[PDB]
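*Asks:* Pasting a structure below so you can have a look.
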Amino acid sequence: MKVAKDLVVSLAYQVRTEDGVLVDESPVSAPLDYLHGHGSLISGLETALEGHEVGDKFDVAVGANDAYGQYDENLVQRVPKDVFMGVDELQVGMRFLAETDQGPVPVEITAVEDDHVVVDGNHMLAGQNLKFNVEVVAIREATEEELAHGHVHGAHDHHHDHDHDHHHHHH
């Protein structure tokens with residue numbers, strides 16, 4: 001069975017930016033629990049997750065418009081033109097990958113002053129894409145209650161495991 005609406009699934013994803021830096025993560029040990037087609041997480045991910053079945057693993061790239069990654073003014077700064085020695089001509093409207101304190105940062109020049117240029121990683125609303133490495137743990141058709149409420153009805157465990165056994169389970 002594949003992931004679709006009113007089905008509920010537990011998936012394990014890792015979200016990092018185009019810069020390479022990790023922002024958040026749901027481990028394979030404990031998934032993100034959500035009811036699909038209800039808007040449980042973000043915009044781009046659910047639809048990307050769709051069609052897949054448990055065990056599928058792949059990285060997804062969704063723009064900040066449909067994911068996280070909203071405007072951050074810490075991502076905009078003024079860099080001395082000297083650093084961009086390899087660049088042809090530091091002009092406004094120019095896009096290039098820039099190596100920075102924070103790794104390679106895909107920015108666009110919005111101005112070029114006397115000695116430094118102005119680049120903002122946030123273009124339209126932000127624009128930077130996020131990369132999610134998704135690991136769909138399980139998929140289940142919901143119990144109606146989950147649908148009626150709009151989310152999972154018994155996802156969070158009270159310990160870790162229940163069926164711990166040290167006997168001969170085969171008989």
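Following the order of the structure tokens, first chain is A, next is B, and so on, with residues numbered from 1 inside each chain and ligands from 1 in the order they appear.
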Skipping near chain neighbours, those fewer than 6 positions away, what residues fall within 7 Å of region 151-154 of chain A using only C-alpha atoms, listed as a ChimeraX atom specification?

*Replies:* /A:8,33-35

*Asks:* Please produce a file of the residues just selected, as a PDB file, in the first residue's frame, where the atoms kept are N, CA, C and O atoms.

*Replies:*
ATOM      1  N   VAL A   8      -2.220   7.161   7.569  1.00  0.00           N
ATOM      2  CA  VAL A   8      -1.318   7.769   8.511  1.00  0.00           C
ATOM      3  C   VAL A   8       0.016   7.053   8.382  1.00  0.00           C
ATOM      4  O   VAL A   8       0.054   5.841   8.145  1.00  0.00           O
ATOM      5  N   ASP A  33       5.428  11.262  13.157  1.00  0.00           N
ATOM      6  CA  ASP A  33       4.116  10.654  13.013  1.00  0.00           C
ATOM      7  C   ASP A  33       3.118  11.696  12.554  1.00  0.00           C
ATOM      8  O   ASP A  33       2.908  12.703  13.239  1.00  0.00           O
ATOM      9  N   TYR A  34       2.500  11.466  11.406  1.00  0.00           N
ATOM     10  CA  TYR A  34       1.570  12.435  10.855  1.00  0.00           C
ATOM     11  C   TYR A  34       0.489  11.751  10.025  1.00  0.00           C
ATOM     12  O   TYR A  34       0.678  10.637   9.534  1.00  0.00           O
ATOM     13  N   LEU A  35      -0.638  12.431   9.868  1.00  0.00           N
ATOM     14  CA  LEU A  35      -1.739  11.925   9.065  1.00  0.00           C
ATOM     15  C   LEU A  35      -1.753  12.637   7.720  1.00  0.00           C
ATOM     16  O   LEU A  35      -1.993  13.843   7.648  1.00  0.00           O
TER      17      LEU A  35
END

*Asks:* Find the distance between CA of residue 57 (chain A) and CA of residue 134 (chain A) and write it in Å to one decimal.

*Replies:*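 For CA of residue 57 (chain A) relative to CA of residue 134 (chain A), the distance reads 5.4 Å.
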
*Asks:* Any idea what's packed within 7 Å of residue 132 (chain A), counting only C-alpha atoms, ignoring anything in its chain fewer than 4 positions away? Could you give it as a PyMOL selection string?

*Replies:* chain A and resi 13-16+59-61

*Asks:* Neighbouring residues of residue 41 (chain A) were defined as those with any atom within 12 Å, considering only C-alpha atoms; residues of the same chain fewer than 2 positions away were excluded. Please report them as a PyMOL selection string.

*Replies:* chain A and resi 9-11+13+32-39+43-47+49+66-68+151

*Asks:* Expressed in Å to a single decimal, how great is the separation between CA of residue 63 (chain A) and CA of residue 79 (chain A)?

*Replies:*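 So the answer is 24.7 Å.
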
*Asks:* Write out as number ranges by chain the residues lying within 8 Å of residue 110 (chain A), counting only C-alpha atoms and excluding same-chain residues fewer than 3 positions away.

*Replies:* A: 92-94, 117-120

*Asks:* Give me the region 46-129 of chain A side of the contact with region 19-31 of chain A, cut-off 8 Å, one line per residue showing its nearest atom pair and distance in Å at one decimal, counting only C-alpha atoms, sorted by chain and residue number, as JSON lines.

*Replies:*
{"residue": "A:102", "atom": "CA", "partner": "A:19", "partner_atom": "CA", "distance": 7.2}
{"residue": "A:103", "atom": "CA", "partner": "A:19", "partner_atom": "CA", "distance": 5.9}
{"residue": "A:104", "atom": "CA", "partner": "A:19", "partner_atom": "CA", "distance": 5.3}
{"residue": "A:105", "atom": "CA", "partner": "A:19", "partner_atom": "CA", "distance": 5.4}
{"residue": "A:106", "atom": "CA", "partner": "A:19", "partner_atom": "CA", "distance": 7.6}

*Asks:* Since we have the selection now, will you write its residues out, keeping N, CA, C and O atoms, as a compact mmCIF listing (two decimals), in the first residue's frame?

*Replies:*
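This is the output file out_18.txt:
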# COMPACT_ATOMS: atom_id res chain seq x y z
N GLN A 102 29.76 29.72 6.71
CA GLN A 102 28.70 28.75 6.84
C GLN A 102 28.71 27.76 5.68
O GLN A 102 27.69 27.14 5.37
N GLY A 103 29.88 27.57 5.07
CA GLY A 103 29.97 26.71 3.91
C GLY A 103 29.56 27.43 2.65
O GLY A 103 29.37 28.65 2.66
N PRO A 104 29.47 26.72 1.52
CA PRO A 104 28.91 27.27 0.30
C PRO A 104 27.48 27.74 0.49
O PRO A 104 26.60 26.98 0.88
N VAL A 105 27.28 28.99 0.17
CA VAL A 105 25.98 29.64 0.28
C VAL A 105 25.60 30.24 -1.06
O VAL A 105 26.26 31.15 -1.56
N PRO A 106 24.54 29.71 -1.70
CA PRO A 106 24.04 30.22 -2.97
C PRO A 106 23.33 31.56 -2.79
O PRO A 106 22.18 31.61 -2.35

*Asks:* So how far away is CA of residue 108 (chain A) from CA of residue 71 (chain A), in Å?

*Replies:* 14.4 Å

*Asks:* Taking the backbone alone, and naming residues the way the document does, which bits of region 12-79 of chain A are strand (DSSP E) by DSSP, as a list in words?

*Replies:*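 Secondary structure check on region 12-79 of chain A, strand (DSSP E): residues 12, 13, 14, 15, 16, 17, 22, 23, 24, 25, 32, 33, 34, 35, 57, 58, 59, 60, 61, 62, 63, 76, 77, 78 and 79 of chain A.
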
*Asks:* For the residues in that selection, give me N, CA and C atoms as a compact mmCIF listing (two decimals), in the first residue's frame.

*Replies:*
# COMPACT_ATOMS: atom_id res chain seq x y z
N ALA A 12 10.96 8.94 8.75
CA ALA A 12 12.12 9.42 9.46
C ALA A 12 12.96 10.24 8.51
N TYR A 13 13.05 11.52 8.75
CA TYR A 13 13.69 12.39 7.78
C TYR A 13 14.79 13.21 8.41
N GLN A 14 15.66 13.71 7.57
CA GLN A 14 16.75 14.56 8.01
C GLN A 14 16.75 15.81 7.15
N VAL A 15 16.57 16.96 7.77
CA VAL A 15 16.47 18.20 7.02
C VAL A 15 17.73 19.04 7.16
N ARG A 16 18.34 19.34 6.03
CA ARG A 16 19.53 20.14 5.97
C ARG A 16 19.41 21.09 4.79
N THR A 17 20.18 22.14 4.77
CA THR A 17 20.04 23.15 3.73
C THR A 17 20.92 22.84 2.53
N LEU A 22 22.91 20.88 8.83
CA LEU A 22 21.71 20.24 9.35
C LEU A 22 20.91 21.21 10.22
N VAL A 23 19.60 21.26 10.01
CA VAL A 23 18.75 22.14 10.81
C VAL A 23 17.87 21.36 11.78
N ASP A 24 17.36 20.21 11.35
CA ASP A 24 16.50 19.38 12.20
C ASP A 24 16.55 17.94 11.70
N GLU A 25 16.03 17.00 12.48
CA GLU A 25 16.07 15.60 12.11
C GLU A 25 15.12 14.75 12.95
N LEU A 32 8.72 10.61 12.50
CA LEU A 32 7.73 11.67 12.56
C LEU A 32 6.38 11.05 12.27
N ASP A 33 5.43 11.26 13.16
CA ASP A 33 4.12 10.65 13.01
C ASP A 33 3.12 11.70 12.55
N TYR A 34 2.50 11.47 11.41
CA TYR A 34 1.57 12.44 10.86
C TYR A 34 0.49 11.75 10.02
N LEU A 35 -0.64 12.43 9.87
CA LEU A 35 -1.74 11.93 9.06
C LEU A 35 -1.75 12.64 7.72
N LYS A 57 13.88 5.27 0.63
CA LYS A 57 14.75 6.29 1.15
C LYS A 57 15.32 7.12 0.02
N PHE A 58 15.18 8.42 0.16
CA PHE A 58 15.66 9.36 -0.84
C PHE A 58 15.69 10.74 -0.25
N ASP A 59 16.51 11.59 -0.82
CA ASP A 59 16.55 12.97 -0.38
C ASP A 59 15.68 13.83 -1.26
N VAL A 60 15.01 14.76 -0.63
CA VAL A 60 14.02 15.61 -1.26
C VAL A 60 14.51 17.04 -1.20
N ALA A 61 14.25 17.83 -2.22
CA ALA A 61 14.66 19.21 -2.19
C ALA A 61 13.48 20.11 -2.47
N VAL A 62 13.07 20.85 -1.46
CA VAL A 62 11.91 21.72 -1.56
C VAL A 62 12.29 23.13 -1.16
N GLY A 63 11.81 24.10 -1.93
CA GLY A 63 12.09 25.49 -1.64
C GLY A 63 11.43 25.96 -0.36
N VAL A 76 21.94 37.32 5.13
CA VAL A 76 22.32 38.44 4.27
C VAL A 76 23.43 39.26 4.93
N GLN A 77 24.47 39.57 4.16
CA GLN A 77 25.62 40.31 4.67
C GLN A 77 26.36 40.99 3.53
N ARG A 78 27.40 41.74 3.87
CA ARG A 78 28.18 42.49 2.89
C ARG A 78 29.59 41.94 2.84
N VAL A 79 29.95 41.37 1.70
CA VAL A 79 31.23 40.71 1.55
C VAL A 79 32.18 41.54 0.68

*Asks:* When distances are computed from only C-alpha atoms, which of A:83, A:155, A:48, A:125 shows the smallest separation from residue 3 (chain A)?

*Replies:*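 Answer, going by the shortest atom-to-atom distance: A:48.
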
*Asks:* Quick one: everything within 10 Å of residue 113 (chain A), counting only C-alpha atoms, minus sequence neighbours fewer than 6 positions away in the same chain. Send it as a list in words.

*Replies:*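 Using only C-alpha atoms, the neighbours found are residues 78, 80, 81, 90 and 91 of chain A.
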
*Asks:* Using backbone DSSP assignments, extract all alpha helix (DSSP H) residues from region 133-164 of chain A; output them as a short mmCIF file (atom, residue, chain, number, x, y, z; two decimals) with N, CA and C atoms, in the first residue's frame.

*Replies:*
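Printed below is out-v6.cif as written:
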data_model
loop_
_atom_site.label_atom_id
_atom_site.label_comp_id
_atom_site.auth_asym_id
_atom_site.auth_seq_id
_atom_site.Cartn_x
_atom_site.Cartn_y
_atom_site.Cartn_z
N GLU A 145 -10.84 7.48 13.63
CA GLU A 145 -10.68 8.40 14.75
C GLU A 145 -9.57 9.38 14.44
N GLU A 146 -8.50 8.85 13.88
CA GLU A 146 -7.36 9.66 13.49
C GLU A 146 -7.77 10.68 12.43
N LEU A 147 -8.69 10.28 11.57
CA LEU A 147 -9.20 11.17 10.53
C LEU A 147 -10.13 12.21 11.14
N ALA A 148 -11.02 11.74 12.00
CA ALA A 148 -11.99 12.60 12.68
C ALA A 148 -11.29 13.65 13.54
N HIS A 149 -10.13 13.31 14.08
CA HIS A 149 -9.40 14.23 14.94
C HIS A 149 -8.38 15.04 14.13
#
